[PDB]
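Asks: Here it is, the structure in full.
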Amino acid sequence: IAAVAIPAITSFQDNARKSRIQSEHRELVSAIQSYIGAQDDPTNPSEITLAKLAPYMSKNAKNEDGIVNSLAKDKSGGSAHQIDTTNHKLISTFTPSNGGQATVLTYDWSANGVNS
Amino acid sequence: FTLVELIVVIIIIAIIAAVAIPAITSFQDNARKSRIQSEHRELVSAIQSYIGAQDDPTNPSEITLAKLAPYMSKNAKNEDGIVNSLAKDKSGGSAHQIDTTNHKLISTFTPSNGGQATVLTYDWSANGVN
Amino acid sequence: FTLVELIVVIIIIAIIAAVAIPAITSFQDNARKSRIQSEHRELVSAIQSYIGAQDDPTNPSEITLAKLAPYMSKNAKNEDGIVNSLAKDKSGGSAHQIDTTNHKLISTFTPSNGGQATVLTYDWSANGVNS
Amino acid sequence: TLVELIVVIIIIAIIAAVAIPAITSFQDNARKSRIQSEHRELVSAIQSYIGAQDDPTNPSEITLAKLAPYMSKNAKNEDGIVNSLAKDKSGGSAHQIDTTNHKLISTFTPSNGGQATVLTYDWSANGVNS
Amino acid sequence: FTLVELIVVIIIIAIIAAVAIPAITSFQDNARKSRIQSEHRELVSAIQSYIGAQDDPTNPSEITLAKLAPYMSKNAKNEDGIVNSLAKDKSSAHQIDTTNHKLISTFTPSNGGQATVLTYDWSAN
Amino acid sequence: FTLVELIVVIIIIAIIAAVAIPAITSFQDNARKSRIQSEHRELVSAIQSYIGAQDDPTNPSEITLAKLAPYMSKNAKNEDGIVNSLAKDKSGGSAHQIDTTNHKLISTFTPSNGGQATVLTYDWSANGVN
Amino acid sequence: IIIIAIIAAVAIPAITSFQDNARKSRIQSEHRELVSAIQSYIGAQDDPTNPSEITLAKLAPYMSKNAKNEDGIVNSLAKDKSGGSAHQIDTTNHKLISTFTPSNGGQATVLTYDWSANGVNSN
Amino acid sequence: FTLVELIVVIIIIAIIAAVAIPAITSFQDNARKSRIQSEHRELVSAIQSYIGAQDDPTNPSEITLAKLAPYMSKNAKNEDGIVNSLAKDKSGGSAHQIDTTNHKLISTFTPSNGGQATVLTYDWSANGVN
Amino acid sequence: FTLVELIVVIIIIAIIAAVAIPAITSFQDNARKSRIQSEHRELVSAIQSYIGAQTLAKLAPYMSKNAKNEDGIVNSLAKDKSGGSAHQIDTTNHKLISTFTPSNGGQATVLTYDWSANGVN
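Protein chains in written order, with the entry's author numbering: chain E, 16 to 92, 100 to 138; chain I, 1 to 92, 100 to 137; chain C, 1 to 92, 100 to 138; chain H, 2 to 92, 100 to 138; chain F, 1 to 91, 101 to 134; chain A, 1 to 92, 100 to 137; chain D, 10 to 92, 100 to 139; chain B, 1 to 92, 100 to 137; chain G, 1 to 54, 64 to 92, 100 to 137.
Structural data, given as structure tokens:
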């Protein structure tokens, strides 16, 4: 009875965090769509940046004062989301604790498309 | 054996609930701007038809959007006349205006956030030259 | 995805559907009146040429637009009656008539709203000239 | 291990008691949005058809069977528009023509039995002066 | 559709509605310029015909459009004053000088450009 | 959780997304029908100006539209043959045809749904009147 | 220790039975976007009334890369797990077909769209 | 809530998030294409009128759009130069340009993805067909 | 409106703008043709009258001056496209010639008259 194995918590923890990042990314990808839809000339995208995308997203459950307190946090192998403002790309990263290979999501609105 | 399972549940329930929530009404406003800009060209088409149906198109008479009335299909329900149908813009009583004395049609729109106004003009005589 | 976005979809549709819609009917009367006047000039040219073809141009016999038939091509649908080529007066059907006993051609138009009518006159008798 | 085995029962008893939500939500009021756009669709079709015969001022008597070849088949490859326009109470199309009055009526009625809604279009009469 | 189609349908309108508007009355007045010339030709033929009326075609008398009126028909309105059946301009668009046997037609456009002149003489050349 | 997936994942998306689709073909017919007529009238004006140039306007030797070619300007993209400029209908490839035996010019059109045809004719023969 | 044999008796829900209503949804909502793409493309070329030889490899510029940044369109659409796109173009028929089959082997469902000579022609 | 239930909530999200995303820009430039095709036919109407209004229409002089300016109205912002009204393209920035010596009007359109260009052309100076 | 609706106007405009248009110059020179063929008979009647009265410079007083008071008939007679009078005389040949050349580079057309040696075989 003493020999029964005990599983580690971190294995279930990390694989849930991997779901959180993957949800928030898919919300930001339509928030930014609304911003480009509503900039004063929507036909010519201009200098999107995360701090100015803020008013489309609700406060955290503590009613704190900025979305860096709401969007998720990661090692980024610290904000789990970043904008490459001059290159017009959004990137979201999940880094495992165990040394497994990292997962990076991406979105890209500057006329690149699939080109294939 | 089960207690580890239960505390695992208690952790994951905590961390998946933190997901951020979008804000309602955020994009809603600029549809009205789209209505204004699409309805302006429709009034330009109407006024440019009336200007051709009068007897002396070389020397046109006055216009007001009351005389312009019989072109706008009565607003999808029992309603009296076109002022009931053209977009409202209470913050800036009718979105459409005619300077009946100086032959100028103007449409205007203004966000609530204090950004600068949108204005559109059409001016149907002796204009266009540099 | 989540509820809020799918609510704003409904709101945007409810707004965008409320653009006004233009009427079907406009500007028809001047189009009819223009064909009337241009066709009138063509009938005046036809009858003026016909007077030169009788055995004595100074004293022609009776003229009727049924006699004037061989000057006008068939209708574009290949129907052959001259009256099926000329415009219709929708007050009631040719908008053109000949006062055969008094040498006068008359082309009439009546506005669709019932306003004031307009008439064009021509005659080939000597009474067509004055000092 | 009897201590943890004891408290496992307590944790189960607590976790099982959570409030369980119910299914309905917007599934009613979303259908009204199908109606609002499918109406403007039929108005665009009928406003094309009314101009195709040789006299746009004396059109023939429209029935939606004559309008039908403007609509695509249902995605399930059904064979007629009544299997495509939104259904309503038996009375089953929410849209009908009553050609003797020259009007198209589109309808809605909520499950709570509240105030019903009507959208009307008319190709005979339109807004009066003033 | 989902939201993206509804932002595309807003983006598209802003660049359909911008198509430029052509003016009105840009080309109106040159129809007067043309019908002035055709009426000039017809009046020239009429005054030429007039020389055959009196007993001696080698010694014709004075002429005015009042004398010449018997040679062309009443108005399409069936009114009969030829001073309104001729073309009209800032001035009758046509003139006769009994003292020089000269017939003149003239047209001046509203844009302030150069005036245009036509002339005929049945007496000497 | 599961049910607030369920509703948006199935119910509301199924209700909102499956509105009826307009048919992309049937709206084209009036545009084709119009451009046919406009080209017909301009071809008549051209041939009616070709006859008046001949050395013997009582007997123009023959007319086929290759001879008529230089009276209309070359199309956009500069595909400089006349047949490249006129309307097409493989079921009529020109939609206009010249009969050299009967001196007759013909135009023809047919709606894609298999409706009744329309035909136009012009004829400069002595058989072409009354 | 006997109590553990009772505590262990709880039945396990089978994950496969919860998938169908999700895949069905991301077939329907994807089909409607491919149709909107086709219905735009058919108006872009120089002859609005004679189609080109449409195939989805030429629709490709109308929708984004995968989140994995793999390019090409076929990597992006939903997969028929029986075998690989769940969306097919039958070029000869001008017909688009989309297919779904439940894992337990129930009756199939197909969506369809067709952009030539395809008015209903009621009764 | 039990773990074997709680993980399917993860699975459903992992499926439903992975829809395709439509690319805005490829829909946008299909509209800019239809500006070019409309504005070109307006410039043809203007230049074909101006050749008719000159002092001797058989002997037209050089043309520039600056000379052509008064024939179409100034833009909705009451900006006062023709060049601001006409559409813009990277092949410029005006998409429309006139060859003063070869008497040719050229409109060019460049796809945003760097694909194959498209050009429209008109030529009033006696070039004709065949 | 929605895209399914909105793109059909793009279709319709793309169709309506394709209508062909007539060539201006191909009427205009076939008009000029008529003043050549007609004024040829005016010159013939004048010079035939002159040879009964007992180069076009000698003929000049026999015909009316232009409506804009040009200085002589050489400015009233029509203009040759080739290279300027479209009419010429040669008193070494007793011959009058008139010519028209089309703008397309197609077949040129020539009239002739002589006050001697009419008639054949």
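Every residue gets a Cβ at the ideal spot worked out from N, C-alpha and C, and that includes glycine.
Between C:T128 and chain E, is any beta-carbon pair separated by less than 8 angstroms?
Replies: Counted from its first residue, the third sequence places residue 128 of chain C at position 121. So no, C:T128 is outside the interface.
Asks: Name, going along the chain, the residues of the segment 26-39 of chain E whose beta-carbon falls closer than 8 angstroms to a beta-carbon of chain I.
Replies: The residues in question are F27, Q28, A31, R32, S34, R35, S38, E39.
Asks: Under three-state DSSP, which class holds H:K77?
Replies: Along the fourth sequence, one-based indexing puts residue 77 of chain H at 76. Coil.
Asks: Specify, as a first and last residue, the run of the alpha helix (DSSP H) that G:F27 falls within.
Replies: As a working mapping, residue 27 of chain G is identified with position 27 in the ninth sequence. Here the alpha helix (DSSP H) through G:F27 covers 24-50.
Asks: Drop a sphere of 10 angstroms on the beta-carbon of B:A102, count the other beta-carbons inside from all chains shown, and report buried for 16 or more, exposed for fewer.
Replies: Indexing the eighth sequence from 1 puts residue 102 of chain B at position 95. Buried: at least 16 other Cβ atoms inside 10 Å.
Asks: Per DSSP, which one or two residues make a beta bridge with F:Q104?
Replies: Reading the fifth sequence from its first residue, position 95 is the one you call residue 104 of chain F. F:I113.
Asks: Just reading off the alpha helix (DSSP H) that C:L127 is part of, what are its end residues?
Replies: In the third sequence, the residue the question calls residue 127 of chain C occupies position 120. Counting along the chain, C:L127 falls outside any alpha helix (DSSP H), though it belongs to the beta strand (DSSP E) covering 125-130.
Asks: Compare the C-beta of A:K88 against all C-beta atoms of chain B and say whether one is closer than 8 angstroms.
Replies: Taking the first residue of the sixth sequence as 1, we reach residue 88 of chain A at position 88. Answer no: the Cβ-Cβ gap between A:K88 and chain B never drops below 8 angstroms.
Asks: Within 8 angstroms of any Cβ in chain B, is that where the Cβ of D:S91 sits?
Replies: As a working note, residue 91 of chain D is residue 82 in the seventh sequence. Chain B contact via Cβ: absent.
Asks: Taking Cβ-Cβ distances below 9 angstroms as the criterion, which residues of the segment 8-24 of chain I are in contact with chain B?
Replies: From the segment 8-24 of chain I, only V8, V9, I12, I13, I16 have a Cβ closer than 9 angstroms to chain B.
Asks: Compare the C-beta of A:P70 with all C-beta atoms of chain G and state if any pair is closer than 8 angstroms.
Replies: On the sixth sequence, position 70 is the one that residue 70 of chain A refers to. A:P70 counts as touching chain G.
Asks: May I ask which residues mark the beginning and end of the alpha helix (DSSP H) holding G:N137?
Replies: For this step, residue 137 of chain G is matched to residue 121 along the ninth sequence. Premise fails: G:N137 is in no alpha helix (DSSP H) and is neither H nor E.
Asks: What is the DSSP secondary structure of H:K67, counted as helix, strand or coil?
Replies: Your numbering for residue 67 of chain H matches position 66 in the fourth sequence. Reduced to three states, the DSSP call for H:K67 is helix.
Asks: Please report the Cβ distance between D:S119 and D:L127, rounded to the nearest whole angstrom; I am assuming they are in contact, meaning their Cβ atoms lie under 8 angstroms.
Replies: Residue mapping note: residue 119 of chain D aligns to position 103 of the seventh sequence, counting from 1. Residue mapping note: residue 127 of chain D aligns to position 111 of the seventh sequence, counting from 1. Rounded, the Cβ-Cβ distance is 19 angstroms, inconsistent with contact.
Asks: Just to make sure I have the definition right: I need the residues of chain B whose C-beta is within less than 8 angstroms of the C-beta of G:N120. Which are they?
Replies: Numbered from 1 along the ninth sequence, position 104 holds the residue referred to as residue 120 of chain G. Going along chain B in sequence order, the residues near G:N120 (Cβ under 8 angstroms) are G135.
Asks: With a CB to CB cut of under 6 angstroms and the five nearest residues on each side skipped, what residues in its chain are close to F:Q104?
Replies: In the fifth sequence, counting from the first residue as 1, residue 104 of chain F sits at position 95. Here the set comprises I113.
Asks: Pick out whichever of B:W131, B:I51, B:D80, B:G100 has its Cα sitting closest to the Cα of I:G135.
Replies: Here the question's residue 135 of chain I lines up with position 128 in the second sequence. The candidate whose alpha carbon is nearest that of I:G135 is B:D80.
Asks: Given a cut-off of 8 angstroms on the beta-carbon distance, is the pair H:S85 and A:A14 in contact?
Replies: Residue mapping note: residue 85 of chain H aligns to position 84 of the fourth sequence, counting from 1. Residue mapping note: residue 14 of chain A aligns to position 14 of the sixth sequence, counting from 1. Contact: no.
Asks: Which residues in chain I have a C-beta closer than 8 angstroms to the C-beta of C:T58? List them in chain order.
Replies: Translated into positions along the third sequence, residue 58 of chain C becomes position 58. Per Cβ cutoff of 8 angstroms: no residues; C:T58 is ~41 angstroms from chain I at best.
Asks: Would you list the residues sitting across from E:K88 in a DSSP beta bridge?
Replies: Taking the first residue of the first sequence as position 1, residue 88 of chain E is located at position 73. According to DSSP, which records beta bridges pairwise, E:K88 is partnered with E:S101.
Asks: Would you list the residues sitting across from H:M72 in a DSSP beta bridge?
Replies: Position 71 of the fourth sequence holds residue 72 of chain H. Partner(s): A:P22.
Asks: Taking only beta-carbon positions, decide if H:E42 is within less than 8 angstroms of chain K.
Replies: Looking for chain K here will not work: the only protein chains present are E, I, C, H, F, A, D, B and G.
Asks: Taking the alpha carbon of H:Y71 as the reference point, which residue from A:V4, A:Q123, A:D29 has its own alpha carbon closest?
Replies: Translated into positions along the fourth sequence, residue 71 of chain H becomes position 70. The option with the nearest alpha carbon to H:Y71 is A:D29.
Asks: Taking all protein chains shown into account, do 16 or more other C-beta atoms lie within 10 angstroms of the C-beta of G:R35, making it buried, or fewer, making it exposed?
Replies: As a working note, residue 35 of chain G is residue 35 in the ninth sequence. By the neighbour-count rule (16 or more Cβ atoms within 10 Å), G:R35 is not buried but exposed.
Asks: I'd like to check one pair, B:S38 with F:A23: are the Cβ atoms closer than 8 angstroms?
Replies: Position 23 of the fifth sequence holds residue 23 of chain F. Position 38 of the eighth sequence holds residue 38 of chain B. Contact flag unset, no.
Asks: In the structure shown, what three-state DSSP assignment does C:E62 receive?
Replies: For the purposes of this step, residue 62 of chain C is taken as the residue at position 62 of the third sequence. It is coil, neither helix nor strand.
Asks: Would the beta-carbon of I:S26 fall within 8 angstroms of that of E:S49?
Replies: As a first step, residue 26 of chain I is located in the second sequence; it is residue number 26 there, counting from the start. As a first step, residue 49 of chain E is located in the first sequence; it is residue number 34 there, counting from the start. Contact: yes.
Asks: Tell me, please, whether the CB atom of F:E79 is closer than 8 angstroms to any CB atom in chain D?
Replies: Position 79 of the fifth sequence, counted from the start, is the residue given in the question as residue 79 of chain F. For F:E79, the answer is no, since every Cβ of chain D falls outside 8 angstroms of its Cβ.
Asks: Taking C-alpha atoms, which residue in A:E62, A:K77, A:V83 lies nearest to A:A69?
Replies: Looking up residue 69 of chain A in the sixth sequence gives position 69. Per the Cα distances, A:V83.
Asks: Taking D:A46 as the reference, which of F:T108, F:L65, F:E5 has the closest Cα?
Replies: Stepping through the seventh sequence from its first residue, residue 46 of chain D is reached at position 37. Out of F:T108, F:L65, F:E5, F:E5 has the C-alpha closest to the C-alpha of D:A46.
Asks: Please go through the same chain and pick out, in chain order, the residues whose beta-carbon is closer than 8 angstroms to the beta-carbon of I:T64, but skip the five residues on each side of it.
Replies: For the purposes of this step, residue 64 of chain I is identified with residue 64 of the second sequence, where counting begins at 1. Closer than 8 angstroms at Cβ, skipping near neighbours: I105, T107.
Asks: Taking C-beta to C-beta, are E:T117 and E:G92 nearer than 8 angstroms?
Replies: Counting from 1 along the first sequence, the entry for residue 117 of chain E is found at position 95. Counting from 1 along the first sequence, the entry for residue 92 of chain E is found at position 77. For E:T117 and E:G92, yes; Cβs fall inside 8 angstroms.
Asks: Could you confirm whether any beta carbon from chain F is found closer than 8 angstroms to the beta carbon of B:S85?
Replies: Along the eighth sequence, read from residue 1 onward, the residue named residue 85 of chain B stands at position 85. Chain F contact via Cβ: present.
Asks: When the Cα atoms are used, what is the spatial distance from A:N137 to C:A66?
Replies: Within the sixth sequence, residue 137 of chain A is the residue found at index 130, counting from 1. Within the third sequence, residue 66 of chain C is the residue found at index 66, counting from 1. A:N137 and C:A66: Cα-Cα distance of roughly 9 angstroms.
Asks: DSSP three-state call for D:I10: helix, strand or coil?
Replies: On the seventh sequence, residue 10 of chain D is found 1 positions in, with the first residue counted as 1. Residue state, collapsed to three classes: coil.
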